[PDB]
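Given next are two forms of a protein chain, the same chain in both, each as C-alpha cells and marked structure 1 or structure 2.
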Structure 1
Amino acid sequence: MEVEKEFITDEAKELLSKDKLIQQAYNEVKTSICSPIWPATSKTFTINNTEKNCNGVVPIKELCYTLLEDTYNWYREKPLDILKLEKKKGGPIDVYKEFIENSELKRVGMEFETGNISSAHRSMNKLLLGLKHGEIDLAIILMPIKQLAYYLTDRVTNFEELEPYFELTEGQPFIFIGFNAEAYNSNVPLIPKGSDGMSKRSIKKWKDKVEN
C-alpha cells in the first residue's frame, strides 16, 4: 500500500521535528499502513476492481492494528477494555503507543476509519478531546483515498470527504493519512466483507506473509 495524501497540522510538524519518540511512533504508523500486500504472495497491494463496493475494508484495518501491536508494541483496546471504559464518552481511542520521554509520559493515539463519514467525524472528535484533555500528545487518522474507497464497502469514509474538516484540528497536533492500492485489476481475490470477513487466524497468516 501507498500513502498518497496526507495533512499534518503545523503543531504536529513542530512536534515531529523536536520529539524523536513521537516521530518514531508516526513512522511506525506509516510503515504499518504501507506494509499491506495483496495477494498475500505479492509484494504490492492490488485491489480487485470488478465492480463498485466489491471489497471489504475491515480486514486491512485488522492487519494494520495487529502489526502495530505485535511488531511495534502499541496497545489495541480489547473488547473487555471497551466494555469497562465506554460508559460516558463512547469507546476509547482504538490504538495507541505510550512512552516516558522523561519528565513526562507521552502517548500517540490513532484510528483507522472503516465506518461512514459521520463515524469519522466522531473519531476525529474523540481524538481532539483526548488531545485537549492531555491524554494523548499526537492524534493520527487513517483513511482510504476516494479512488480506492470506490471499491470498498458502500458509504465508507474516504480521505477527500473528511478533508474540508481538517481545519477544525488546527491548533492541535493532528495528522491525516490517505492510503491507496498500488494497482487495480480483476486478477486478484476480493477482500472479504463483514467484520468476520477474515478470522483471527487468517489475519495472522497474512501478517506473517507481510513480514517475511
Structure 2
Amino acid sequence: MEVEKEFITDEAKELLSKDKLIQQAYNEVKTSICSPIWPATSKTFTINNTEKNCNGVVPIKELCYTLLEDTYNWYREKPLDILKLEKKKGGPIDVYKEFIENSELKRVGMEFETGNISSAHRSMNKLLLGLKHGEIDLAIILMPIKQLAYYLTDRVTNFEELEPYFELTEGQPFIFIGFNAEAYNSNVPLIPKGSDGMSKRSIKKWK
C-alpha cells in the first residue's frame, strides 16, 4: 500500500523534526500502513476496479496490524483511562505504544480507519480526548483516499471527506495519513464482503 495524502499539524511537525522517538514512531507507522498487499500472492496492493464499491474492506487492516504488533511491538485495542477508568464508557483505541529512552517518554495513539466515514470522527475525538487528558503525546489516523475508497464498501473513511475537520485538532500533535493501492485492475480477485448492515445477505426481520 502507499501513502498518497497526508496532513501533519504544526505541533506534530515540530516533534518529527526535533524528536528522534517521534521520528522512529512515525517511521514504524508508515512502514506498517504500506504493508497491506493484494492478493496474498502479490508484493503490492492492487485493487479490483470492476465496479464502484465492488470490494469489501475487512482484510485491508491485517498486515498493518501484524507489523505494528509482531515486529514493532505495538499494543492493540488500548483502553484510555479517561474512557474506561474515569467515565466508564466507550471502547479502546486501535493501537498505542510507548517510545522510551533515558528519562524521555513519548506515547503515541493511533487509529486505522476503514469503517464508515462517521466512525472516523469518533476516532478523531477519542484521540483528541486522549491528547487533552495527557495519555498520548501524538495521535495518528490512517485511512484510504477517495480514489481507493471508490472501489471499497460505500461510505467508508476517505481522507478527503474527513479533511474539512482536520482543523478541529489545532494546538495538538496530530497526523492524518491517506493510503492508496499501487495498481487498479480487474485482473485481481474482489476483496470479499461481509453480510453487515444493508447487505442483501443480512437478516432483515421487517418485510
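Definition used throughout: the rigid core is the maximal C-alpha set that superposes within 1.5 Å between two forms. Along the sequence of structure 1, residues get numbers from 1 upward.
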Review point. For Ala40, is the C-alpha shift between structures 1 and 2 2 Å or more after core superposition?
Key: yes
Exercise for review: Would you tell me if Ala12 moves between structures 1 and 2 by 2 Å or more at its C-alpha, with the rigid core held superposed?
Suggested key: no
Check your understanding: Just checking, between structures 1 and 2 and with the core aligned, does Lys106 shift 2 Å or more at the CA?
Key -> yes
Point to revise | Inter-form CA displacement between structures 1 and 2 at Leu83 - rigid core frame, Å | key: 11.9
Study note, to complete from the structure: Rigid core fixed, the Cα of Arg155 shifts between structures 1 and 2, in Å, by 1.1
Revision key, fill the gap. Here the CA of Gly194, compared between structures 1 and 2 on the core, is shifted in angstrom by 2.7
